[PDB]
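First the structure, in the form of C-alpha cells, and then the observations on it.
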Amino acid sequence: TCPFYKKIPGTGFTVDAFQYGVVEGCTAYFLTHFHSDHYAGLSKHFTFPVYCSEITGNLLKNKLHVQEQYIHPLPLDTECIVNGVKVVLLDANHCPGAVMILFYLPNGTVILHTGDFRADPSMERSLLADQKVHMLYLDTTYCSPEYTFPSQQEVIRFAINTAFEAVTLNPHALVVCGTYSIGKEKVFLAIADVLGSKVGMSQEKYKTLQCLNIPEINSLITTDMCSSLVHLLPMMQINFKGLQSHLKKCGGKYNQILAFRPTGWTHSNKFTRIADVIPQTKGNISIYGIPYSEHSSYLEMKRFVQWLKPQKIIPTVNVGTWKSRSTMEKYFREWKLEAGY
Ligand code: NI
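The numbers in the deposited numbering rise by one with no breaks, and the one at position 206 of the sequence shown is 905.
Below, the structure written as C-alpha cells:
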C-alpha cells in the first residue's frame, strides 16, 4: 500500500509510486527520474498514463519497454495542464532527465515535489521565483551537518588531473570507471576528453547512454573496447580481483589500471580534503574513491529551504526511524527561526 508522502492531496496524482499495484483514485502516475528505487514496478505490461521528462520517457520505452501509448513526456520550464491541473517540470540537478514537479492545486495551494535533487542557487531564478509554496516534499538524503563534500567541478578537476598525470607518465595504463545506474556521466566523459579517447563499454550500457540526449554522444562513446583507453565496468567489479581479471582480458595491451569509484558521501569526508585524497593500491592496480554527489549537501539544502520559505515540509528520505524523523524536524525548526518565516 502507497505511503502518504507519495500522494498529492486534492488530485488524482501520485509520485514515484509504481510498486503498489493499482493505486485507488490515481488517474496519472508521475515519475521524477529513472533510478530503480523510484521506478520499482514499471514494465511493458503497465497500462496507466505515466508523466515524465523526454529523457525519462526514452528510457521507459527502450530499457523497460513500456508501450508508447502510455508515455507522456513534458517539456521543462513550461506550464502544462494534466487532467485539469496546472503542472510545471523543473530541472532537479540530479541525473539526466531528473525533474522537480510544481503542482497548482484547484483550491489555490501550491506544492513542490523535489524528487531527488542537488539544490543550487540557480534554482532561485527558475519559475520558483514568481510565487509562494505551501507544501515542500523534500529530498532529505543528507539532512545532517556532518554531510559535507566538494563541488562537482572540484571533484572533476581532481579526476582529470589524476588520470592525465598517470597516463602521461605511463602510456600503457588503462583507466576504469565504475557505474551502476545513470548519473555521474561527467566523471568518465571528462577523463576520456582529456586523454583523447572514446569511452568503451558493454552494449547494455551503450544503449542506456543513447537514450540521454547528450550532444555529440556518437563522438564520445563506443562498444569497441580495444580502441578505447577509458573503460566502464559495473560498480561491483571495482575491486582488486575484478580489475585483475579485466586486465587479463585486454591481451597484453596494458600493464597498469587506475580506477575510479564515484560514491556519495563517505566518513573519510569528515577528515580529508579532495586535494589530499589517496588511492588503495595492490601492485599495478590503484582505486580512487571520489565524493561526486548528485544530492544536496546539508548547507545547499538549508540555503534552498530558507530561500523558498515553505509553510510545511514533508521529508521523502530517511523516514523509516523515529530518531531520523526527530533530527530532521529539529533542523527544519532551526532554519525557520533563524530566517524568520
Ligand atoms: Ni535518484
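Here a beta-carbon is modelled for each residue, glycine too, at the ideal position from N, C-alpha and C.
Enumerate in chain order the residues of its own chain whose CB-to-CB distance from residue i is below 6 Å, with the five nearest sequence positions on each side excluded.
i: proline 772; result: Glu753, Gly756
i: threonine 808; result: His833
i: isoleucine 973; result: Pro849, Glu853, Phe857
i: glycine 882; result: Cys794, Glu993
i: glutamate 884; result: none
i: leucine 801; result: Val787, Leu811
i: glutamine 1005; result: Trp1034, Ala1038
i: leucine 759; result: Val765, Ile770
i: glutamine 979; result: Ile986
i: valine 893; result: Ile859, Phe863
i: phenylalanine 1003; result: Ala818
i: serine 825; result: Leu789
Nearest to residue i by CA position, among the options, is which residue?
i: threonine 847; options: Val898, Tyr991, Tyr750, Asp815; result: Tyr991
i: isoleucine 956; options: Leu1007, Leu868, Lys883; result: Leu868
i: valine 721; options: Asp736, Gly783, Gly740, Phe733; result: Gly740
i: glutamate 723; options: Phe939, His737, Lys705; result: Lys705
i: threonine 713; options: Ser742, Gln766, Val781; result: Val781
i: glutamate 999; options: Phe887, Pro849, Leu789, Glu778; result: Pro849
i: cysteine 925; options: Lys897, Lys904, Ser918; result: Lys897
i: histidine 812; options: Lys981, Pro1009, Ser1025; result: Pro1009
i: residue 694; options: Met822, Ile810, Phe816; result: With the chain running from 700 to 1040 in the structure shown, residue 694 is simply not present.
i: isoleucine 770; options: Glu1028, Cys751, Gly796, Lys762; result: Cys751
i: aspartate 790; options: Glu823, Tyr803, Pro805; result: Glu823
i: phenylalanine 939; options: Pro774, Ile913, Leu908, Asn983; result: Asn983
i: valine 886; options: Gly1019, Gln936, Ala865, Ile859; result: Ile859
i: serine 901; options: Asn912, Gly895, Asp892, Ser927; result: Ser927
i: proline 870; options: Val929, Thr1020, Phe1003, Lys743; result: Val929
i: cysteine 949; options: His966, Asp923, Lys743; result: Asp923
i: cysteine 779; options: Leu804, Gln768, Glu767; result: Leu804
i: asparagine 806; options: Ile707, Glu767, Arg1032, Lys947; result: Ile707
Look at residue i and residue j and say whether their C-beta atoms are less than 9 Å apart.
i: residue 676; j: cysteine 842; result: Beyond the ends of the chain as shown, which are 700 and 1040, falls residue 676; an answer cannot be given.
i: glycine 814; j: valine 832; result: no
i: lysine 1011; j: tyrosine 1030; result: no
i: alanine 818; j: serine 995; result: yes
i: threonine 1015; j: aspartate 838; result: yes
i: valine 784; j: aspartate 776; result: no
i: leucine 888; j: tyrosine 953; result: no
i: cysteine 725; j: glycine 711; result: yes
i: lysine 906; j: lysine 762; result: yes
i: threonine 731; j: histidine 737; result: yes
i: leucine 942; j: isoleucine 986; result: yes
i: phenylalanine 959; j: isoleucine 989; result: yes
i: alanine 727; j: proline 748; result: yes
i: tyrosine 997; j: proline 820; result: no
What do you get for residue i, buried or exposed, if any count of 16 or more other CB atoms within 10 angstroms of its CB means buried?
i: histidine 793; result: buried
i: residue 1043; result: Here the chain has residues from 700 to 1040 only, and residue 1043 is not among them.
i: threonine 971; result: exposed
i: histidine 945; result: buried
i: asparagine 968; result: buried
i: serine 735; result: exposed
i: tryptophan 964; result: buried
i: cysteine 910; result: buried
i: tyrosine 1040; result: exposed
i: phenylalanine 703; result: exposed
i: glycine 796; result: buried
i: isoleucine 890; result: buried
i: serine 918; result: exposed
i: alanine 828; result: exposed
Considering only residues of the same chain and omitting the five flanking positions on each side of residue i, which have a CB-CB separation below 7 Å?
i: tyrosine 879; result: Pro933, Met934
i: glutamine 830; result: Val809
What residues in its chain sit with their C-beta under 8 Å from that of residue i, if we drop five residues either side in the sequence?
i: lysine 904; result: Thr878, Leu931
i: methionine 1027; result: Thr839, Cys842, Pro1014, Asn1017
i: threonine 861; result: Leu957, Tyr987
i: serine 742; result: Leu763, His764, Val765
Minimum length 4: unbroken alpha helix (DSSP H) runs contained in the region 742-767 = You should have 753-761.
Only counting runs of 3 or more residues, tell me where the beta strand (DSSP E) segments fall wholly within the region 786-816, in order along the chain.
-> Runs of the beta strand (DSSP E) inside the region 786-816: 798-803, 809-812.
Identify every run of the alpha helix (DSSP H) within the region 846-874, keeping only runs that are complete inside it and at least 4 residues long; order them along the chain.
-> List check, alpha helix (DSSP H) in window: 851-868.
Inside the region 877-959 only - beta strand (DSSP E) runs reaching at least 3 residues | Correct list: 929-933.
Within the region 963-1016, ranges of the beta strand (DSSP E) (whole runs, at least 3 residues) = List check, beta strand (DSSP E) in window: 979-981, 984-990, 1011-1014.
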